Amino acid sequence: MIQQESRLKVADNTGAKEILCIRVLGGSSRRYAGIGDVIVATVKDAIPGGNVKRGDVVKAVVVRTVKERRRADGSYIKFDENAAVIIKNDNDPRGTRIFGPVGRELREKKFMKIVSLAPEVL
Amino acid sequence: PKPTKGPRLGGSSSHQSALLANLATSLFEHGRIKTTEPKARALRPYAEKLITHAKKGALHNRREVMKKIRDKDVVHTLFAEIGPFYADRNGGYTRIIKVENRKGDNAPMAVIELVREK
Amino acid sequence: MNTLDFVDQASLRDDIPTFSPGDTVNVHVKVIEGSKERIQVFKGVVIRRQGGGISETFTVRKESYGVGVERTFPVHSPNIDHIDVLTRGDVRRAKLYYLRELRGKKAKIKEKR
Amino acid sequence: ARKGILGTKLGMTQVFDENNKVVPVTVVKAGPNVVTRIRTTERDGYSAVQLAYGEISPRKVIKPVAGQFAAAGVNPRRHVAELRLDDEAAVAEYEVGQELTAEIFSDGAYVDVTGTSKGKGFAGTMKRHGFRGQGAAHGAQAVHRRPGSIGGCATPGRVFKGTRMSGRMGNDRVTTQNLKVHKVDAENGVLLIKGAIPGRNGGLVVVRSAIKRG
Amino acid sequence: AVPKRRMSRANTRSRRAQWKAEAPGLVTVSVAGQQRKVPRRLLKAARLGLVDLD
RNA sequence: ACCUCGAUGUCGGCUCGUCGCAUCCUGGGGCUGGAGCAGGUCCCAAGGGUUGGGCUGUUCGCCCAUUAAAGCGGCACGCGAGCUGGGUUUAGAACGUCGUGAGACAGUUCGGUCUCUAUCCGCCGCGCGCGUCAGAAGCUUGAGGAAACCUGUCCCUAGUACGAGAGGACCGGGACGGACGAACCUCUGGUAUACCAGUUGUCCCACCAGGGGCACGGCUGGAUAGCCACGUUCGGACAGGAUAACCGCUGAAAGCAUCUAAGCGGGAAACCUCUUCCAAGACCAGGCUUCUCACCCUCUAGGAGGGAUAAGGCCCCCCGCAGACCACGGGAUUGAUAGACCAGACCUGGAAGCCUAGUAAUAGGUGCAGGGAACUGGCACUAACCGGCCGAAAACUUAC
RNA sequence: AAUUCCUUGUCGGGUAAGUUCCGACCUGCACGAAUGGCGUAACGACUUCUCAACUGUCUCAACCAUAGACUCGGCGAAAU
RNA sequence: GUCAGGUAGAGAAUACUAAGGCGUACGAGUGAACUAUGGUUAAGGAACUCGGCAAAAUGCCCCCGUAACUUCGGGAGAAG
Ligand SMILES: [Mg+2]
Ligand SMILES: [Mg+2]
Ligand SMILES: [Mg+2]
Ligand SMILES: [Mg+2]
Ligand SMILES: [Mg+2]
Ligand SMILES: [Mg+2]
Ligand SMILES: [Mg+2]
Ligand SMILES: [Mg+2]
Ligand SMILES: [Mg+2]
Ligand SMILES: [Mg+2]
Ligand SMILES: [Mg+2]
Ligand SMILES: [Mg+2]
Ligand SMILES: [Mg+2]
Ligand SMILES: [Mg+2]
Ligand SMILES: [Mg+2]
Ligand SMILES: [Mg+2]
Ligand SMILES: [Mg+2]
Ligand SMILES: [Mg+2]
Ligand SMILES: [Mg+2]
Ligand SMILES: [Mg+2]
Ligand SMILES: [Mg+2]
Ligand SMILES: [Mg+2]
Ligand SMILES: [Mg+2]
Ligand SMILES: [Mg+2]
Ligand SMILES: [Mg+2]
Ligand SMILES: [Mg+2]
Ligand SMILES: [Mg+2]
Ligand SMILES: [Mg+2]
Ligand SMILES: [Mg+2]
Ligand SMILES: [Mg+2]
Ligand SMILES: [Mg+2]
Ligand SMILES: [Mg+2]
Ligand SMILES: [Mg+2]
Ligand SMILES: [Mg+2]
Ligand SMILES: [Mg+2]
Ligand SMILES: [Mg+2]
Ligand SMILES: [Mg+2]
Ligand SMILES: [Mg+2]
Ligand SMILES: [Mg+2]
Ligand SMILES: [Mg+2]
Ligand SMILES: [Mg+2]
Ligand SMILES: [Mg+2]
Ligand SMILES: [Mg+2]
Ligand SMILES: [Mg+2]
Ligand SMILES: [Mg+2]
Ligand SMILES: [Mg+2]
Ligand SMILES: [Mg+2]
Ligand SMILES: [Mg+2]
Ligand SMILES: [Mg+2]
Ligand SMILES: [Mg+2]
Ligand SMILES: [Mg+2]
Ligand SMILES: [Mg+2]
Ligand SMILES: [Mg+2]
Ligand SMILES: [Mg+2]
Ligand SMILES: [Mg+2]
Ligand SMILES: [Mg+2]
Ligand SMILES: [Mg+2]
Ligand SMILES: [Mg+2]
Ligand SMILES: [Mg+2]
Ligand SMILES: [Mg+2]
Ligand SMILES: [Mg+2]
Ligand SMILES: [Mg+2]
Ligand SMILES: [Mg+2]
Ligand SMILES: [Mg+2]
Ligand SMILES: [Mg+2]
Ligand SMILES: [Mg+2]
Ligand SMILES: [Mg+2]
Ligand SMILES: [Mg+2]
Ligand SMILES: [Mg+2]
Ligand SMILES: [Mg+2]
Ligand SMILES: [Mg+2]
Ligand SMILES: [Mg+2]
Ligand SMILES: [Mg+2]
Ligand SMILES: [Mg+2]
Ligand SMILES: [Mg+2]
Ligand SMILES: [Mg+2]
Ligand SMILES: [Mg+2]
Ligand SMILES: [Mg+2]
Ligand SMILES: [Mg+2]
Ligand SMILES: [Mg+2]
Ligand SMILES: [Mg+2]
Ligand SMILES: [Mg+2]
Ligand SMILES: [Mg+2]
Ligand SMILES: [Mg+2]
Ligand SMILES: [Mg+2]
Ligand SMILES: [Mg+2]
């Protein structure tokens, strides 16, 4: 449940390690982005040697959030930290490897590449 | 029992508690007191649960009532008279009857007493 | 008693073992992967049990690839097919929320005697 | 024709469908109704059926109401309402005396549920009308929950009837529509509706068929 | 705010009219063999001698 | 220079709106230098919608990320007895400039009190009285109003129409959303001032043990009910009528022609039904039906006045998730209305006493223990009473 | 520039976005040497810009208690 | 202006208390809006605003360890 000006730990090896939200995509006047909701972001700090450098405006997708998410079957998935992966405009990650577990909602948002690439899916 | 729904009776939450405890002590000591009608309505269930503690004779129940009441003569008289007196009455140990209104503030008055029939 | 009991007795589940918060369990959840039924096991520590009878829920915590995970289930959910209690924990609470703030060897549970 | 029944709101719980998805349900006792009267255009000016629900002691029935039930031939009930029908061919199948139970509905049937919503007392414009408040800081002076402007200056010089102000809230007829009947417990005279129903527990509701989704 | 005009006698007497009292409803009780009138609220308390019938 | 100088408070922002259409989006079209995609221009259309930030005191404006779109205006450049007070316009100080100076500057900079118990109209809710040709009660019809109306993406159709290629639809179907609104509390989450536990300081209950008062509920960890959103569910429809622009049919005047002159049609989120809610003080004060349908006295017999009643209601009483009071709803012994009591659900988390292990702090057992509010079911034990107050009919005319 | 109207001057930094800010440039409307000029460690309830932390300031508000408001009894004004 | 019990405590601070002194002069009710004064708040964390205004936050003792700069005193309780 991510606002604008919310900071999310980047969860792939693009080089960035923190981002800040700029807008939530998926509708006019939208507020929150749970798991599976693509946002536009600004990179707030990155490893200096990476390709994704600091200040770059990028497109990321949330893969785990601290706020609980109801599932259709009555179950809930809740993480201990907010994380996003930087993807392309082609709906696939820019990095070559995903770190940490990833909430299962990306499979019905057609983020096939990420779900295939994260060590284990929740 | 069920809490006060509106603002607490003595002007605050802590004053209502001590106010109830003093009212219950006086009721058990004298067997009949006259106070205001809301205070009497609040004192009925609170005093009857102490009487229930006194009806069943254990050290644990004596400790609970001493926790709430803080007067050892009244605790003795509870467990020596009132508990045994109500060994065959199942609840409803008290009786509130409405009496004439006060004069200074025209406060609705009432009297609580202990039932002496069975 | 408890008015809607007559509507809720029907769907209550048998074969749910007794388990208290502090217990290490594995819960087998059945999950569809493109209409293909697989079974996925969540092995964690029970950190609460919010009381409701049919609406009874329980929360499990598990530390996975460096990130903590909470999974909350309804106790009588039929996606759960099986709950295994592996060990019994020694706790003094009904809700072990502090485990979300402790990490590692300090997230340990005393073994029940 | 638009079928319907009177009942009470027992409470609400959850069920799991066959595909293992939790469904919130409100449980309604759609207990027996006797029809006590028919309204027809030839006599009353419109087609409707007056039916009675509830259990009441005859000692508690006022003599006019008891007489109106005697003219029907049925024992008095607590509540009496009526269904607006549409034509006479609809009221052809209702006769004064007969019965109707929850088995009028079925699985998947969409129903409109009419109830009377909970009372919210004297409510302010934020609770009542969803007003934006005002600032909690930066200098705001005793206006943290007040409506503010209620018109313009000297033209029109008044406050435009219909202005949203603060007053009694709740306690109103509310129809929630297109609510799925998850399951009718036929033997126990209960029906389980997917969603929420207006009113308190043990309140009278009218469960009618849906016109938008019939 | 402040009253713009002095208010008229009809309008003054219109809501001075609402400031009235209602007489309590009395019932009869028998104390010491002689009849007295008391509110039905105080009926029991008169019947067991806890209200002072002057 | 027409009202206001025995006072009409001055910019911007906030809150809350309201109306126009000179239309920003959505809807309907005509012409194109309109192949399609996408446009240009004009016409019709005001139902709903019309984002969050950076820079600046900002309006204006510049930019950032979006969006179907980020419309323009009137209302004392709407709105300070509704807020603010950054701007502007006192008194302090300083810079630059002018002045001999006191000082001054549509020059700049730092600081700089925003009063009011609502009388009347207006508006949002709530009662009391009378009326609707007897007195009451149940269910209703609706004239007349108010509410609501927004919209995107993906996929089939279809890589099809069209096009050299790039590109790529009309129309019709299917799936999921964004914002908004309403009800609700099963789930999630919040809160919890008479719930449970731990704990520090101090005093007290003679002392030990166990507890209590006070320190923001002392603090801390949880927390059922109720209220609630961050939660759950549902909504905007379908269809019909009359149309706007526009498109016509059959057609004279005017031998051909023309949507018009006689006649007949298609035609949009606008209008009328439709959906939801209020609604007979709707004075044309309505309809269906049930109940009571009676009992005397005086004035002087014409009408009135008084009184006792019925059906019914009101107060008193026990309450409510109904509530500012009032009203509303339920109960009132032929009674489960509230409290107590018993049991259950639930919350806390394993009471006290004893025994035991250890030098001890402490740990184990007895034992899902003890405590406990709201939720459910039993139970007349306690209160709902040896009860008062209101409250029922002229006739006449014609038709029958 | 507490000084520059022109002006949101120009270039760099800083932000996703920089009319303030910092470092410089010199076209000083209209700086300038005891009405001192230029620096300066320490000091400041001074003015300005920034980061971390922290939060109901905000998204977007909900709930609890107390004093009023509200009801009952007593007394009992006011500006106008 | 004088006197200055106890227990924590550096303390005449603060919490609770002793002796002593008060309960100080309208009350009784009541879960309305709204105002005031306190409290808590999921996710986010200055996105508010003229401006982090107001709140939140740090806070004590003992060890370790402390920067540019300096007028050699400091900065310094730096920071950690
Ligand atoms: Mg309460
Ligand atoms: Mg209050
Ligand atoms: Mg008070
Ligand atoms: Mg206290
Ligand atoms: Mg439990
Ligand atoms: Mg607010
Ligand atoms: Mg003020
Ligand atoms: Mg304030
Ligand atoms: Mg004004
Ligand atoms: Mg006017
Ligand atoms: Mg002139
Ligand atoms: Mg004049
Ligand atoms: Mg003037
Ligand atoms: Mg004047
Ligand atoms: Mg004036
Ligand atoms: Mg004047
Ligand atoms: Mg306005
Ligand atoms: Mg036009
Ligand atoms: Mg327009
Ligand atoms: Mg168009
Ligand atoms: Mg065109
Ligand atoms: Mg319309
Ligand atoms: Mg600025
Ligand atoms: Mg406007
Ligand atoms: Mg203005
Ligand atoms: Mg204006
Ligand atoms: Mg103003
Ligand atoms: Mg002002
Ligand atoms: Mg100012
Ligand atoms: Mg000056
Ligand atoms: Mg000079
Ligand atoms: Mg109508
Ligand atoms: Mg609502
Ligand atoms: Mg519940
Ligand atoms: Mg909770
Ligand atoms: Mg307690
Ligand atoms: Mg002792
Ligand atoms: Mg001790
Ligand atoms: Mg203590
Ligand atoms: Mg004391
Ligand atoms: Mg607590
Ligand atoms: Mg808590
Ligand atoms: Mg609640
Ligand atoms: Mg012709
Ligand atoms: Mg022609
Ligand atoms: Mg009218
Ligand atoms: Mg009528
Ligand atoms: Mg009556
Ligand atoms: Mg009643
Ligand atoms: Mg119990
Ligand atoms: Mg124990
Ligand atoms: Mg009960
Ligand atoms: Mg009479
Ligand atoms: Mg007459
Ligand atoms: Mg400057
Ligand atoms: Mg200058
Ligand atoms: Mg400039
Ligand atoms: Mg620049
Ligand atoms: Mg500079
Ligand atoms: Mg000089
Ligand atoms: Mg000079
Ligand atoms: Mg000189
Ligand atoms: Mg100088
Ligand atoms: Mg200088
Ligand atoms: Mg210096
Ligand atoms: Mg100084
Ligand atoms: Mg100062
Ligand atoms: Mg809201
Ligand atoms: Mg008060
Ligand atoms: Mg008074
Ligand atoms: Mg001392
Ligand atoms: Mg002191
Ligand atoms: Mg003393
Ligand atoms: Mg009140
Ligand atoms: Mg507050
Ligand atoms: Mg928060
Ligand atoms: Mg938090
Ligand atoms: Mg910051
Ligand atoms: Mg800002
Ligand atoms: Mg900033
Ligand atoms: Mg802003
Ligand atoms: Mg501050
Ligand atoms: Mg503070
Ligand atoms: Mg150091
Ligand atoms: Mg320094
Ligand atoms: Mg330090």
task = With N set to the residue count of chain A, report its C-alpha Rg divided by 2.2 N^0.38 Å to two decimal places.
result = 0.98
query = When only DSSP loop residues count, what chymotrypsin sites (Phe, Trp or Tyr not before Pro) in region C:10-113 have their Cβ near at most 13 other Cβ atoms within 10 Å?
reply = C:65
request  = With no solvent and one equal point scatterer placed on each C-alpha of chain E, evaluate the Debye formula and give log10 I(q)/I(0) for q = 0.12, 0.20, 0.25, 0.30 Å⁻¹, two decimals.
outcome  = -0.51, -0.75, -0.97, -1.15
remark   = For region D:121-214, listing chymotrypsin sites (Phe, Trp or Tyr not before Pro) in a DSSP loop whose Cβ sees at most 12 other Cβ atoms within 10 Å gives D:160
message = I need the Debye-formula profile for region B:6-118: one equal scatterer per C-alpha, no solvent, reported as log10 I(q)/I(0) at q = 0.19 1/Å, two decimals.
response = -0.98
note = Along the dipole axis of the protein assembly as shown (charges at Cβ: +1 for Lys and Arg, -1 for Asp and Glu; origin at the Cα centre), the most positive-end residue among A:25, C:39, D:106 is A:25
query = With charges only on Cβ, +1 for K and R and -1 for D and E, what is the dipole size of chain A about its Cα centre, in debye, rounded to 20?
reply = 180 debye
Pairwise centroid distance, computed over Cα atoms, of region D:151-214 with region D:46-70, Å = 26 Å
key: Which of C:79, C:104, C:94, positive extreme of dipole for region C:71-113 (C-beta unit charges)   = C:104
task = Indicate, rounded to the nearest 5 percent, the antiparallel portion of the DSSP beta bridges found entirely in chain A.
result = 90 percent
ask   = Applying 1/(1 + (r/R0)^6) with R0 = 25 Å to the Cβ-Cβ distance of residue D:188 and residue D:21, what FRET efficiency is obtained, to the nearest 0.05?
value = 0.55
ask   = Karplus couplings for region C:17-22 from phi (6.51 cos²θ - 1.76 cosθ + 1.60, θ = phi - 60°), rounded to Hz, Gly and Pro as x?
value = x, 5, 8, 10, x, x
message = Taking the 0 to 90 degree range and rounding to the nearest ten, how far is the long axis of helix D:63-72 tilted relative to the main principal axis of chain D, both from C-alpha atoms?
response = 50 degrees
query = Taking chain D as a Gaussian network, where each spring joins two C-alpha atoms under 10 Å apart, which residue of D:82, D:42, D:95 fluctuates the most?
reply = D:42
ask   = What ranking do D:12, A:112 get, fewest neighbouring Cβ atoms within 10 angstrom at the top?
value = A:112, D:12
request  = Per residue of region D:130-139, in order, report the coupling 6.51 cos²θ - 1.76 cosθ + 1.60 (Karplus, θ = phi - 60°) as ³J(HN,Hα) in whole Hz, putting x for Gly and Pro.
outcome  = x, 4, 5, x, 9, x, 7, 8, 6, x
query = What are the trypsin sites (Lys or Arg not before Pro) within region A:90-122 that DSSP puts in a loop, where the Cβ has at most 14 other Cβ atoms within 10 Å?
reply = A:97, A:110
query = With the dipole of chain A worked out from charges on the C-beta (+1 for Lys and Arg, -1 for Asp and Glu) around the Cα centre, which of A:10, A:36, A:95 lies farthest toward the positive end?
reply = A:36
message = Taking just the alpha carbons, could you work out the radius of gyration and Dmax for chain C, both in angstroms?
response = 15.4, 47
note = Quick calc of log₁₀ I(q)/I(0), region D:1-86, Debye, one scatterer on every Cα, no solvent, q values 0.20 1/Å, result -0.96
message = Based only on Cα atoms, what mean projected area does the convex hull of the protein assembly as shown have, in nm²?
response = 48.8 nm²
query = Gap in Å between the Cα centre of region B:1-37 and the Cα centre of region E:38-54?
reply = 25 Å
task = Go ahead and estimate [θ] at 222 nm for chain A from helices alone: -39,500 (n - 2.57) per DSSP H run with n ≥ 4, summed, over the residue count, rounded to 500.
result = -1000 deg cm²/dmol
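Every read-out reported here was derived from the displayed coordinates using simple, explicitly stated rules and does not represent laboratory data. Cβ coordinates were reconstructed from backbone atoms using ideal geometry, including for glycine residues, and neighbour counts include every protein chain displayed.
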